[PDB]
Amino acid sequence: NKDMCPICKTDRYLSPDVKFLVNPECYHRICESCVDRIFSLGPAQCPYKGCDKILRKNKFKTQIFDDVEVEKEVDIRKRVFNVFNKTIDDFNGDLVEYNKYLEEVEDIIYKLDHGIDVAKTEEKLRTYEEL
Amino acid sequence: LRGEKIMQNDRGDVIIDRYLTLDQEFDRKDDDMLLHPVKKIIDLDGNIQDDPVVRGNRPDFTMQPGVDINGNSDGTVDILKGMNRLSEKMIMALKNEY
Amino acid sequence: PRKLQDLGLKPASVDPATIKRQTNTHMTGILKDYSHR
Amino acid sequence: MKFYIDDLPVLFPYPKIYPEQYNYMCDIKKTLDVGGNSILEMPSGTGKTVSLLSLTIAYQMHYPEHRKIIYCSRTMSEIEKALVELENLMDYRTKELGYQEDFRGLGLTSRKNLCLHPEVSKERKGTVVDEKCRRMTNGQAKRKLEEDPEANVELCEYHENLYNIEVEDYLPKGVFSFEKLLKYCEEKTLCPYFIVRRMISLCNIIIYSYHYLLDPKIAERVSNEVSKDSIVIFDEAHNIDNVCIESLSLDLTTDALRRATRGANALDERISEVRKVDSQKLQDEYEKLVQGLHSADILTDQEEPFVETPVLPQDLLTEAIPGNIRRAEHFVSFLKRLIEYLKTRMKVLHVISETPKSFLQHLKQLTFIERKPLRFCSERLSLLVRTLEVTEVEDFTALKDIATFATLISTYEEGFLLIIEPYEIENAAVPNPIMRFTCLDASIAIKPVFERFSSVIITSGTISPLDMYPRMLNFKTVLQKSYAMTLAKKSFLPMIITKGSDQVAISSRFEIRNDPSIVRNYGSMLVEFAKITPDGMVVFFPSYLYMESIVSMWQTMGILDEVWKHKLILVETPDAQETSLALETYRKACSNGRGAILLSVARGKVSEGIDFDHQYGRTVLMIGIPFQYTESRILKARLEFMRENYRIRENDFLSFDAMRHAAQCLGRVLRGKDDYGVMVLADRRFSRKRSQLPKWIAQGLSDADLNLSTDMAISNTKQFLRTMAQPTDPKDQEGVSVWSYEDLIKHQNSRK
Ligand code: SF4
Ligand SMILES: [Zn+2]
Ligand SMILES: [Zn+2]
């Protein structure tokens, strides 16, 4: 797992040109070679033991942080900050309101990361983004 | 014992070399034989321990003992301690029971 | 060796094209040859 | 003696006085009465500390203001010397005034230097000592013991015994040196460290190192108790900039970050464990955080924050927590992703230097951490750890470094730079990435000191040139002058050697350190001088690495065998305890006539407070100019900042920095005027640095000695040593170099 593809086990030592990729849907490492073959002609199920989440090739990206757990939080933070975005001037300098607003956003992000209330919170995200 | 760097390229006597590890035990025993509390006037340990939380920029390699490519000590520091130990033992020998 | 170098793997050999194969005679019998020092 | 100044009577602890000392005292009195800062450069061969204490102590006892005195030295050993001199001066006053006046004087240092606990004083690291003492003194053990005596937690009898007596009765009136302080406290089972820190507000004169005044981590607690109008003295402040810069500097390695993730994971696990069983503590802490309280309002005076404030007290935000890191879990996640960003920035392949603003902008881009929450990282962590019942903090020790970095980078933006290097050691098989946060401006750390205190005296034996220090440190002086010793007969012979006996130029340039001719030429100089030097010889090298290489070369050649026949060889080592034993052996060897030679580093531990008065030093051999490593990213950045801001040329500062260290070592040989020694500067580059040396040293350097050979140097040294062994004529120094009471009055009459 150190430097070999979980599927084809193409180690970098024998294939230094190998390049790894990850998918936000399940955050699973996979080399470029496997991605093209399984998803070139259309969507397919993740080829992992225990994972049945479908994914598309276009969604693959390069991992930034070496820790998968931190990657999930940052991407969720980016998704939330695309809807829940405000500044101190938004509350006319009211620090107390701004601090409470920041904590609420942090609370939402925490719930999304650990799936406390996925159904209820997801609806709240959809409700707010419209207005 | 002459304070000269030992070279792995050349080997001397098989019989005598057996005592090399024993000397490492004597040096540690001799280090305690010389270690004792020092007057605060020339106490260099307290100068560096004056601020236990001091954290700045660590010194360059010129201010630290030399190291090899592999990162281990080159061994030149050991002879420096050996001559330092020899001088300390000579002075201590003067202050005998007599 | 060239094929491995082109694919990335370091070859543990080289092409064999690179190797470069690289008056007075009464004193006769008395004077020793002190040619060098 | 007891003479008079314009209106201030001063009691000198000796029947005699040098002309320089009286002139030194008069100038100091003028500065104190007029106010402001001043820079005084007094020779090392004349009593400086005694003069300072004599005048300042009289000043505080005579004027109605009774201003307190703050004495700042550079090392703990200097504090001991100052206290010993103070005790002698106070004893003389007590014998002439007929009574012991109300006076308290104490020195300060870390717990390691004053811990009497039989189990905690046996530690080789000061951080561990602090942790153990805090565990037994935070009060958690006392509170737990009160609730349930069956608790196995122990207490410190020394700390406990102090509660019985009042703070004003910890020590009897007088001056207590460290040697005396430990003995008195041992006989009564009391903690010297806590006694001193609780009496700072009551001491007439307080002595501590520069780290206790310039480093924000430890200065704030001590500074909060001292007075605002007290007298401040900076003794031996010729290297104060290094202390100022190192206070706001940090270095991060790959191992530090790898150890940080483990601590962060442990912290999250600990929070989960506490959440299950005891969740009221988190809510109670959260409630206060919502109110707007900080560590000062929450933490008791008995306990100390886990993370020392790494920024100056004037730069800390007074607003409530932003709210992002208000909850424990949110803060841990905030901390965790911060560590990842640091880790992913350590994979760089070439040196990158960027300002904190650029680093913050990139941080705000890759992740969504804002500047304001970053500034509170250290403050928030100290609160979370305190409420977590973290009695064992071995895992969380690494997190202190990350918090310090976060609070430093997010606070200051000017005069600071961030350096990332792919090779900590250029000669390494595997790259070792390092992230250095360096402070370029040297006046940031000292700015509060020059503003809080009105009058500050900066004195040192080799502080020259005096014009640059005001340029480097943003402050102004009412007067700045240097005294020249009025010695009747030449007592020190400063010489410069540019070539060896073979007339070959000699230099200590690092690139040519492995040269058979230079190594032999330096070795020949060492042997030849050792033959004529009677008892003691101190050898200073430009860097420790240079000493290692050159010393090893001498061993192979066989120079040392010849040196061993005349004197014992002692060498400075990186270990502090081993070096201290070497000094003890070196001093013992010089006293008994065996003769010894000490090899040290000009920028080492020996040169920063160790003295070689009379026998322990009779000749100083400066092997090369102690030039800093020019090819250093930290140094190069520092030079650029000074050039652009203070208009200081790169070459001028580098030469000034090297000379300030060479002179520093030169002044550690003369005590009084009956002391003598020969100073030789062995480098072709010293020939043009005569104008940069201290005035009292330059005046003694003749024009014929600017460039000498080894053979010529020995002849002059032998002649000088022979000349200094003759009985000095008393009449030649009755009133030209030493003043009796009658002579001093005469000088006060002619001047008036
Ligand atoms: S209270 Fe004093 S004696 Fe006790 S552990 Fe702390 S420093 Fe040591
Ligand atoms: Zn693959
Ligand atoms: Zn999957």
# chains A, B, ... in the order shown; residues from 1 in each chain; ligands from 1

call {"tool": "residues_near_ligand", "arguments": {"ligand": "ligand 3", "cutoff": "7 Å", "atoms": "only C-alpha atoms and all ligand atoms", "output": "PDB file with N, CA, C and O atoms, in the first residue's frame"}}
result
ATOM      1  N   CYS A  26     -15.671   8.233  -2.626  1.00  0.00           N
ATOM      2  CA  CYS A  26     -15.264   7.310  -1.574  1.00  0.00           C
ATOM      3  C   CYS A  26     -13.803   7.483  -1.172  1.00  0.00           C
ATOM      4  O   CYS A  26     -13.322   6.727  -0.318  1.00  0.00           O
ATOM      5  N   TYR A  27     -13.088   8.449  -1.748  1.00  0.00           N
ATOM      6  CA  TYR A  27     -11.709   8.746  -1.362  1.00  0.00           C
ATOM      7  C   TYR A  27     -10.850   7.484  -1.386  1.00  0.00           C
ATOM      8  O   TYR A  27     -10.248   7.088  -0.386  1.00  0.00           O
ATOM      9  N   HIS A  28     -10.800   6.846  -2.550  1.00  0.00           N
ATOM     10  CA  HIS A  28     -10.073   5.597  -2.735  1.00  0.00           C
ATOM     11  C   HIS A  28      -8.929   5.812  -3.716  1.00  0.00           C
ATOM     12  O   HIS A  28      -9.142   6.303  -4.829  1.00  0.00           O
ATOM     13  N   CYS A  46     -17.212   1.129  -8.080  1.00  0.00           N
ATOM     14  CA  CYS A  46     -15.853   1.144  -7.562  1.00  0.00           C
ATOM     15  C   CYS A  46     -15.334  -0.288  -7.444  1.00  0.00           C
ATOM     16  O   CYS A  46     -16.021  -1.144  -6.870  1.00  0.00           O
ATOM     17  N   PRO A  47     -14.131  -0.595  -7.970  1.00  0.00           N
ATOM     18  CA  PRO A  47     -13.612  -1.967  -7.945  1.00  0.00           C
ATOM     19  C   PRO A  47     -12.881  -2.313  -6.648  1.00  0.00           C
ATOM     20  O   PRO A  47     -11.769  -2.851  -6.661  1.00  0.00           O
ATOM     21  N   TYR A  48     -13.507  -2.012  -5.515  1.00  0.00           N
ATOM     22  CA  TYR A  48     -12.952  -2.314  -4.206  1.00  0.00           C
ATOM     23  C   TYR A  48     -13.826  -3.328  -3.483  1.00  0.00           C
ATOM     24  O   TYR A  48     -15.034  -3.428  -3.721  1.00  0.00           O
ATOM     25  N   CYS A  51     -16.856  -1.777  -1.281  1.00  0.00           N
ATOM     26  CA  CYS A  51     -17.324  -0.491  -1.778  1.00  0.00           C
ATOM     27  C   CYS A  51     -18.171  -0.712  -3.023  1.00  0.00           C
ATOM     28  O   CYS A  51     -17.716  -1.341  -3.984  1.00  0.00           O
ATOM     29  N   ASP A  52     -19.398  -0.193  -3.001  1.00  0.00           N
ATOM     30  CA  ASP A  52     -20.331  -0.319  -4.114  1.00  0.00           C
ATOM     31  C   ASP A  52     -20.871   1.043  -4.538  1.00  0.00           C
ATOM     32  O   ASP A  52     -21.996   1.149  -5.029  1.00  0.00           O
ATOM     33  N   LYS A  53     -20.076   2.094  -4.353  1.00  0.00           N
ATOM     34  CA  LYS A  53     -20.476   3.446  -4.717  1.00  0.00           C
ATOM     35  C   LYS A  53     -20.005   3.740  -6.136  1.00  0.00           C
ATOM     36  O   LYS A  53     -18.800   3.718  -6.415  1.00  0.00           O
TER      37      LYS A  53
END

call {"tool": "residues_near_ligand", "arguments": {"ligand": "ligand 1", "cutoff": "6 Å", "atoms": "only C-alpha atoms and all ligand atoms", "output": "list in words"}}
result
residues 111, 115, 116, 117, 120, 133, 156, 158, 159, 191 and 193 of chain D

call {"tool": "write_last_selection", "arguments": {"atoms": "N, CA, C and O atoms", "output": "JSON list (two decimals), in the first residue's frame"}}
result
[["chain", "number", "residue", "atom", "x", "y", "z"],
["D", 111, "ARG", "N", 14.31, 26.68, 37.09],
["D", 111, "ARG", "CA", 14.17, 25.71, 38.17],
["D", 111, "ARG", "C", 15.36, 24.77, 38.22],
["D", 111, "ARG", "O", 15.82, 24.40, 39.31],
["D", 115, "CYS", "N", 16.48, 23.93, 41.81],
["D", 115, "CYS", "CA", 15.62, 22.87, 42.32],
["D", 115, "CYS", "C", 16.37, 22.01, 43.32],
["D", 115, "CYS", "O", 17.42, 21.44, 43.01],
["D", 116, "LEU", "N", 15.83, 21.92, 44.54],
["D", 116, "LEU", "CA", 16.42, 21.13, 45.60],
["D", 116, "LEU", "C", 15.75, 19.78, 45.79],
["D", 116, "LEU", "O", 16.14, 19.02, 46.67],
["D", 117, "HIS", "N", 14.74, 19.46, 44.97],
["D", 117, "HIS", "CA", 14.06, 18.19, 45.12],
["D", 117, "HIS", "C", 15.02, 17.05, 44.80],
["D", 117, "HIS", "O", 15.68, 17.07, 43.75],
["D", 120, "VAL", "N", 13.78, 15.48, 41.37],
["D", 120, "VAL", "CA", 13.56, 16.32, 40.20],
["D", 120, "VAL", "C", 14.79, 17.11, 39.79],
["D", 120, "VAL", "O", 14.86, 17.58, 38.65],
["D", 133, "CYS", "N", 7.91, 20.05, 38.23],
["D", 133, "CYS", "CA", 7.61, 21.05, 39.25],
["D", 133, "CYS", "C", 6.19, 21.56, 39.12],
["D", 133, "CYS", "O", 5.48, 21.72, 40.13],
["D", 156, "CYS", "N", 5.45, 18.75, 47.17],
["D", 156, "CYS", "CA", 6.82, 19.23, 47.34],
["D", 156, "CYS", "C", 6.90, 19.94, 48.68],
["D", 156, "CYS", "O", 6.32, 21.02, 48.86],
["D", 158, "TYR", "N", 9.28, 21.56, 49.96],
["D", 158, "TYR", "CA", 9.87, 22.89, 49.81],
["D", 158, "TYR", "C", 8.81, 23.92, 49.45],
["D", 158, "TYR", "O", 8.72, 24.99, 50.06],
["D", 159, "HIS", "N", 7.98, 23.61, 48.45],
["D", 159, "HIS", "CA", 6.89, 24.51, 48.09],
["D", 159, "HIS", "C", 5.86, 24.62, 49.20],
["D", 159, "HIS", "O", 5.38, 25.72, 49.50],
["D", 191, "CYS", "N", 11.97, 26.24, 48.71],
["D", 191, "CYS", "CA", 12.32, 26.26, 47.30],
["D", 191, "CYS", "C", 12.92, 27.61, 46.93],
["D", 191, "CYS", "O", 12.20, 28.62, 46.96],
["D", 193, "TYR", "N", 13.68, 28.77, 44.00],
["D", 193, "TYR", "CA", 13.09, 29.30, 42.77],
["D", 193, "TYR", "C", 11.81, 30.07, 43.07],
["D", 193, "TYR", "O", 11.59, 31.17, 42.54]]

call {"tool": "interface_residues", "arguments": {"of": "chain D", "to": "chain A", "cutoff": "9 Å", "atoms": "only C-alpha atoms", "output": "list in words"}}
result
residues 290, 320, 321, 322, 323, 324, 325, 326, 327, 329, 330, 333, 336, 337, 340, 341, 343, 344, 366, 367 and 368 of chain D

call {"tool": "write_last_selection", "arguments": {"atoms": "N, CA, C and O atoms", "output": "compact mmCIF listing (two decimals), in the first residue's frame"}}
result
# COMPACT_ATOMS: atom_id res chain seq x y z
N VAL D 290 -17.36 31.73 25.49
CA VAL D 290 -18.41 32.52 24.87
C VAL D 290 -18.48 33.91 25.51
O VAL D 290 -18.72 34.91 24.82
N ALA D 320 -12.58 38.49 21.98
CA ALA D 320 -12.96 37.12 22.29
C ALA D 320 -12.49 36.16 21.20
O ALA D 320 -12.00 36.57 20.14
N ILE D 321 -12.63 34.87 21.48
CA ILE D 321 -12.22 33.86 20.50
C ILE D 321 -13.07 34.01 19.24
O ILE D 321 -14.28 34.31 19.35
N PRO D 322 -12.53 33.81 18.04
CA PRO D 322 -13.34 34.03 16.83
C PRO D 322 -14.56 33.13 16.74
O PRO D 322 -15.51 33.47 16.03
N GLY D 323 -14.56 31.99 17.44
CA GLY D 323 -15.66 31.05 17.42
C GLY D 323 -15.37 29.78 16.65
O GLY D 323 -16.00 28.75 16.93
N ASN D 324 -14.44 29.82 15.70
CA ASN D 324 -14.10 28.62 14.95
C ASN D 324 -13.46 27.57 15.85
O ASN D 324 -13.74 26.38 15.72
N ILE D 325 -12.59 28.00 16.76
CA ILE D 325 -11.86 27.09 17.63
C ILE D 325 -12.43 27.15 19.04
O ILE D 325 -11.75 26.82 20.02
N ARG D 326 -13.69 27.58 19.16
CA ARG D 326 -14.31 27.70 20.47
C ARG D 326 -14.57 26.34 21.10
O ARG D 326 -14.48 26.20 22.33
N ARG D 327 -14.89 25.33 20.30
CA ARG D 327 -15.16 23.99 20.79
C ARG D 327 -13.92 23.12 20.64
O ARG D 327 -13.08 23.33 19.76
N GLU D 329 -13.52 19.87 19.77
CA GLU D 329 -13.41 19.09 18.54
C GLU D 329 -13.09 19.99 17.35
O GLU D 329 -12.26 19.63 16.50
N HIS D 330 -13.72 21.16 17.26
CA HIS D 330 -13.45 22.06 16.15
C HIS D 330 -12.00 22.53 16.17
O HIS D 330 -11.35 22.60 15.12
N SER D 333 -9.67 19.71 14.96
CA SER D 333 -9.71 19.63 13.50
C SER D 333 -8.97 20.79 12.87
O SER D 333 -8.23 20.62 11.90
N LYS D 336 -5.39 19.96 13.31
CA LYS D 336 -4.94 18.82 12.51
C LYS D 336 -4.66 19.21 11.07
O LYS D 336 -3.61 18.86 10.52
N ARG D 337 -5.58 19.95 10.44
CA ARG D 337 -5.37 20.34 9.05
C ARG D 337 -4.25 21.37 8.92
O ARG D 337 -3.61 21.45 7.87
N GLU D 340 -1.14 19.34 8.54
CA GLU D 340 -1.02 18.77 7.21
C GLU D 340 -0.47 19.79 6.22
O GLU D 340 0.37 19.45 5.38
N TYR D 341 -0.93 21.04 6.31
CA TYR D 341 -0.43 22.07 5.40
C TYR D 341 1.07 22.29 5.61
O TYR D 341 1.81 22.50 4.64
N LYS D 343 3.14 19.97 6.66
CA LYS D 343 3.81 18.78 6.14
C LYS D 343 3.91 18.82 4.62
O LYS D 343 4.97 18.51 4.05
N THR D 344 2.83 19.21 3.93
CA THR D 344 2.85 19.24 2.48
C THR D 344 3.73 20.36 1.94
O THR D 344 4.07 20.35 0.75
N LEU D 366 -5.15 27.02 0.01
CA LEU D 366 -5.20 25.56 0.02
C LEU D 366 -6.23 25.07 1.03
O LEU D 366 -7.06 24.21 0.72
N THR D 367 -6.19 25.61 2.24
CA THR D 367 -7.20 25.37 3.26
C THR D 367 -7.94 26.68 3.52
O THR D 367 -7.71 27.69 2.86
N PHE D 368 -8.84 26.66 4.50
CA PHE D 368 -9.66 27.83 4.79
C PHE D 368 -9.41 28.34 6.20
O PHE D 368 -10.35 28.66 6.94

call {"tool": "residues_around", "arguments": {"residues": "range 41-52 of chain B", "least_positions_apart": "5", "cutoff": "10 Å", "atoms": "only C-alpha atoms", "output": "JSON, numbers by chain"}}
result
{"D": [74, 75, 76, 77, 78, 79, 80, 81, 84, 108, 109, 110, 111, 112, 113, 114, 124, 125, 126, 127, 128, 129, 130, 179, 208, 209, 210, 211, 212, 215, 217, 218, 575, 576, 577, 578, 579, 580, 581, 583, 584, 605, 606, 608, 609, 610, 611]}

call {"tool": "residues_near_ligand", "arguments": {"ligand": "ligand 2", "cutoff": "8 Å", "atoms": "only C-alpha atoms and all ligand atoms", "output": "list in words"}}
result
residues 4, 5, 6, 7, 8, 9, 10, 30, 31, 32, 33, 34 and 35 of chain A

call {"tool": "write_last_selection", "arguments": {"atoms": "C-alpha atoms", "output": "PDB file, in the first residue's frame"}}
result
ATOM      1  CA  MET A   4       1.554   0.187  -5.135  1.00  0.00           C
ATOM      2  CA  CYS A   5      -1.902   0.418  -6.669  1.00  0.00           C
ATOM      3  CA  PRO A   6      -4.444  -1.447  -4.492  1.00  0.00           C
ATOM      4  CA  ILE A   7      -5.913  -3.067  -7.623  1.00  0.00           C
ATOM      5  CA  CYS A   8      -3.031  -3.812 -10.001  1.00  0.00           C
ATOM      6  CA  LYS A   9      -0.193  -3.392  -7.458  1.00  0.00           C
ATOM      7  CA  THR A  10       1.899  -1.506 -10.023  1.00  0.00           C
ATOM      8  CA  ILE A  30      -6.165   4.252  -7.679  1.00  0.00           C
ATOM      9  CA  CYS A  31      -3.518   4.611 -10.372  1.00  0.00           C
ATOM     10  CA  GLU A  32      -4.276   6.365 -13.660  1.00  0.00           C
ATOM     11  CA  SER A  33      -4.015   3.122 -15.634  1.00  0.00           C
ATOM     12  CA  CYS A  34      -6.909   1.489 -13.776  1.00  0.00           C
ATOM     13  CA  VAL A  35      -9.104   4.599 -14.035  1.00  0.00           C
TER      14      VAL A  35
END

call {"tool": "interface_residues", "arguments": {"of": "chain C", "to": "chain A", "cutoff": "9 Å", "atoms": "only C-alpha atoms", "output": "PyMOL selection string"}}
result
chain C and resi 7-9

call {"tool": "atom_distance", "arguments": {"atom1": "CA of residue 173 in chain D", "atom2": "CA of residue 52 in chain D"}}
result
21.5 Å

call {"tool": "closest_atom_pairs", "arguments": {"of": "range 276-354 of chain D", "to": "range 399-419 of chain D", "cutoff": "8 Å", "atoms": "only C-alpha atoms", "output": "JSON lines"}}
result
{"residue": "D:306", "atom": "CA", "partner": "D:400", "partner_atom": "CA", "distance": 7.9}
{"residue": "D:307", "atom": "CA", "partner": "D:400", "partner_atom": "CA", "distance": 5.9}
{"residue": "D:309", "atom": "CA", "partner": "D:404", "partner_atom": "CA", "distance": 7.8}
{"residue": "D:310", "atom": "CA", "partner": "D:404", "partner_atom": "CA", "distance": 5.9}
{"residue": "D:311", "atom": "CA", "partner": "D:408", "partner_atom": "CA", "distance": 6.4}
{"residue": "D:315", "atom": "CA", "partner": "D:411", "partner_atom": "CA", "distance": 7.2}
{"residue": "D:339", "atom": "CA", "partner": "D:402", "partner_atom": "CA", "distance": 7.6}
{"residue": "D:351", "atom": "CA", "partner": "D:419", "partner_atom": "CA", "distance": 7.2}
{"residue": "D:352", "atom": "CA", "partner": "D:419", "partner_atom": "CA", "distance": 6.2}
{"residue": "D:353", "atom": "CA", "partner": "D:419", "partner_atom": "CA", "distance": 4.8}
{"residue": "D:354", "atom": "CA", "partner": "D:418", "partner_atom": "CA", "distance": 5.6}

call {"tool": "closest_residue", "arguments": {"among": "D:636, D:436, D:294, D:685", "to": "residue 57 in chain B", "atoms": "only C-alpha atoms"}}
result
D:436

call {"tool": "residues_around", "arguments": {"residues": "range 17-27 of chain D", "least_positions_apart": "6", "cutoff": "10 Å", "atoms": "only C-alpha atoms", "output": "ChimeraX atom specification"}}
result
/D:1,3,5-6,10,38,40-43,46-48,50-52,54-56,479-487,672-673,735-741,743-744,747

call {"tool": "write_last_selection", "arguments": {"atoms": "N, CA and C atoms", "output": "short mmCIF file (atom, residue, chain, number, x, y, z; two decimals), in the first residue's frame"}}
result
data_model
loop_
_atom_site.label_atom_id
_atom_site.label_comp_id
_atom_site.auth_asym_id
_atom_site.auth_seq_id
_atom_site.Cartn_x
_atom_site.Cartn_y
_atom_site.Cartn_z
N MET D 1 36.83 53.46 49.98
CA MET D 1 36.82 54.89 50.38
C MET D 1 35.41 55.46 50.29
N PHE D 3 33.98 59.05 49.00
CA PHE D 3 34.14 60.37 48.40
C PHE D 3 32.77 60.91 48.01
N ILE D 5 30.25 63.04 45.09
CA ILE D 5 29.91 63.59 43.80
C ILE D 5 29.07 64.84 44.06
N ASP D 6 28.75 65.57 42.99
CA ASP D 6 28.11 66.88 43.09
C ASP D 6 27.14 66.96 44.26
N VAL D 10 29.05 58.48 47.73
CA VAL D 10 29.21 57.10 47.28
C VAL D 10 30.33 56.46 48.09
N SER D 38 22.22 55.67 27.45
CA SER D 38 23.62 55.96 27.17
C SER D 38 24.36 54.66 26.91
N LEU D 40 28.23 53.18 27.36
CA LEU D 40 29.54 53.38 27.96
C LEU D 40 30.40 52.16 27.69
N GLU D 41 31.63 52.39 27.22
CA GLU D 41 32.58 51.32 26.92
C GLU D 41 33.77 51.47 27.85
N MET D 42 33.79 50.68 28.92
CA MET D 42 34.88 50.73 29.88
C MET D 42 35.85 49.57 29.66
N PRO D 43 37.15 49.77 29.85
CA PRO D 43 38.09 48.66 29.63
C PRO D 43 37.83 47.51 30.59
N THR D 46 39.75 47.32 34.19
CA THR D 46 39.38 48.21 35.28
C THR D 46 38.05 47.76 35.86
N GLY D 47 37.93 47.85 37.18
CA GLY D 47 36.73 47.40 37.86
C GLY D 47 35.48 48.08 37.35
N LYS D 48 34.65 47.32 36.63
CA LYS D 48 33.42 47.84 36.05
C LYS D 48 32.19 47.49 36.89
N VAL D 50 31.99 46.48 39.99
CA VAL D 50 32.06 47.09 41.32
C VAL D 50 31.70 48.57 41.24
N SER D 51 32.19 49.26 40.21
CA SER D 51 31.86 50.68 40.05
C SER D 51 30.36 50.87 39.84
N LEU D 52 29.75 50.02 39.00
CA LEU D 52 28.33 50.14 38.74
C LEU D 52 27.51 49.96 40.01
N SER D 54 28.50 50.23 43.17
CA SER D 54 28.80 51.24 44.17
C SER D 54 27.99 52.51 43.94
N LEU D 55 28.03 53.03 42.71
CA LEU D 55 27.31 54.27 42.41
C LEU D 55 25.80 54.05 42.43
N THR D 56 25.33 53.00 41.76
CA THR D 56 23.89 52.79 41.66
C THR D 56 23.26 52.53 43.02
N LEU D 479 24.41 60.40 25.62
CA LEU D 479 25.85 60.45 25.43
C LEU D 479 26.35 59.04 25.16
N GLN D 480 27.46 58.94 24.44
CA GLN D 480 28.11 57.66 24.15
C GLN D 480 29.60 57.91 24.02
N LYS D 481 30.39 57.33 24.92
CA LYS D 481 31.83 57.54 24.95
C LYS D 481 32.52 56.28 25.43
N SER D 482 33.81 56.18 25.11
CA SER D 482 34.65 55.07 25.52
C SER D 482 35.87 55.60 26.25
N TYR D 483 36.23 54.94 27.34
CA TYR D 483 37.36 55.37 28.16
C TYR D 483 38.63 54.63 27.75
N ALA D 484 39.76 55.31 27.88
CA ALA D 484 41.07 54.72 27.63
C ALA D 484 41.83 54.62 28.95
N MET D 485 42.28 53.41 29.27
CA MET D 485 42.97 53.18 30.54
C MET D 485 44.27 53.96 30.59
N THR D 486 44.52 54.62 31.72
CA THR D 486 45.75 55.39 31.92
C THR D 486 46.76 54.54 32.68
N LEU D 487 47.26 53.52 32.00
CA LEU D 487 48.23 52.60 32.59
C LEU D 487 49.63 53.20 32.49
N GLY D 672 42.10 44.11 36.71
CA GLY D 672 42.96 45.11 37.32
C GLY D 672 44.06 45.54 36.36
N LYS D 673 45.07 46.18 36.93
CA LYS D 673 46.21 46.69 36.16
C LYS D 673 47.50 45.93 36.43
N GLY D 735 49.89 58.18 41.59
CA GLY D 735 48.76 59.04 41.28
C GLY D 735 48.52 59.24 39.80
N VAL D 736 49.04 58.35 38.96
CA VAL D 736 48.87 58.46 37.52
C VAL D 736 47.98 57.34 37.02
N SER D 737 48.00 56.20 37.72
CA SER D 737 47.17 55.06 37.38
C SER D 737 46.29 54.58 38.52
N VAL D 738 46.66 54.86 39.77
CA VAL D 738 45.86 54.52 40.93
C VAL D 738 45.76 55.75 41.83
N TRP D 739 44.56 56.01 42.32
CA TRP D 739 44.28 57.21 43.11
C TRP D 739 43.93 56.81 44.54
N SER D 740 44.61 57.44 45.50
CA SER D 740 44.23 57.34 46.90
C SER D 740 43.15 58.37 47.19
N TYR D 741 42.70 58.43 48.44
CA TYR D 741 41.67 59.39 48.80
C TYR D 741 42.16 60.82 48.60
N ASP D 743 44.50 61.95 46.55
CA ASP D 743 44.61 62.27 45.13
C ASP D 743 43.25 62.54 44.52
N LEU D 744 42.23 61.77 44.92
CA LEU D 744 40.90 61.95 44.36
C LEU D 744 40.37 63.35 44.66
N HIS D 747 41.93 65.85 42.31
CA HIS D 747 41.30 65.82 40.99
C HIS D 747 39.96 66.54 40.99
#

call {"tool": "decode", "arguments": {"residues": "range 81-86 of chain A", "atoms": "N, CA and C atoms", "output": "JSON list (two decimals), in the first residue's frame"}}
result
[["chain", "number", "residue", "atom", "x", "y", "z"],
["A", 81, "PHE", "N", -18.52, 26.20, 2.14],
["A", 81, "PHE", "CA", -18.16, 27.61, 1.97],
["A", 81, "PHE", "C", -18.61, 28.16, 0.62],
["A", 82, "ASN", "N", -18.99, 27.31, -0.33],
["A", 82, "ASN", "CA", -19.59, 27.77, -1.57],
["A", 82, "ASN", "C", -21.04, 28.21, -1.38],
["A", 83, "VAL", "N", -21.65, 27.87, -0.24],
["A", 83, "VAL", "CA", -23.02, 28.27, 0.07],
["A", 83, "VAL", "C", -23.00, 29.16, 1.30],
["A", 84, "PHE", "N", -22.48, 28.64, 2.41],
["A", 84, "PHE", "CA", -22.37, 29.39, 3.65],
["A", 84, "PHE", "C", -21.09, 30.22, 3.60],
["A", 85, "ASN", "N", -21.23, 31.47, 3.14],
["A", 85, "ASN", "CA", -20.09, 32.37, 3.01],
["A", 85, "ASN", "C", -20.54, 33.77, 3.42],
["A", 86, "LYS", "N", -19.91, 34.31, 4.46],
["A", 86, "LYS", "CA", -20.20, 35.65, 4.94],
["A", 86, "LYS", "C", -18.91, 36.25, 5.51]]
